[PDB]
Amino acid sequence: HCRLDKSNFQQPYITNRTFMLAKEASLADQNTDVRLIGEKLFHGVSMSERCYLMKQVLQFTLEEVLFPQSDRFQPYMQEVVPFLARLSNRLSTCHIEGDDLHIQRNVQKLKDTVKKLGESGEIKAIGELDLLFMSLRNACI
């Protein structure tokens, strides 16, 4: 199902770690014109499908952002990735009861923006792990 216990986000240490990882990367992100994760990412996505969408973003972030950058931003990277990874795993059995179009398109625009920005795009994504964390929290309860 598409839901995550509230206890996954109530933990101060791993959360501050995520936010500090996000902050360190944002200081390095110089592009203030482009924001990856926001309300537009939900553009035409039913409230009951937001968690599913965030599962996709999270998965992509793990595979095309974090892993490729697992060397930078230490020592936060080292503790956060495994945390986000578990959440991703938890959602590995989350599916929607409809067509995957309006959603797929939405996630693709994000993947596209990140690729077009290249390495700095990956940096930007990390700097937005705080936004990802919260969107992920509000969408999956």
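Numbering starts at 1 and runs along the sequence shown.
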Of 25-33 and 76-84, the stretch with the higher mean C-alpha B-factor in the deposited entry is 76-84
Mean Cα B-factor check, 55-63 vs 94-102, entry values; winner is 94-102
Can you work out whether the C-alpha temperature factor of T113 puts it in the lowest, middle or highest third of the chain? lowest
Grab the CA temperature factor for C2 from the record and place it in the lowest, middle or highest third of its chain. highest
Looking at the C-alpha B-factor of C140, is it in the lowest, middle or highest third of its chain? middle
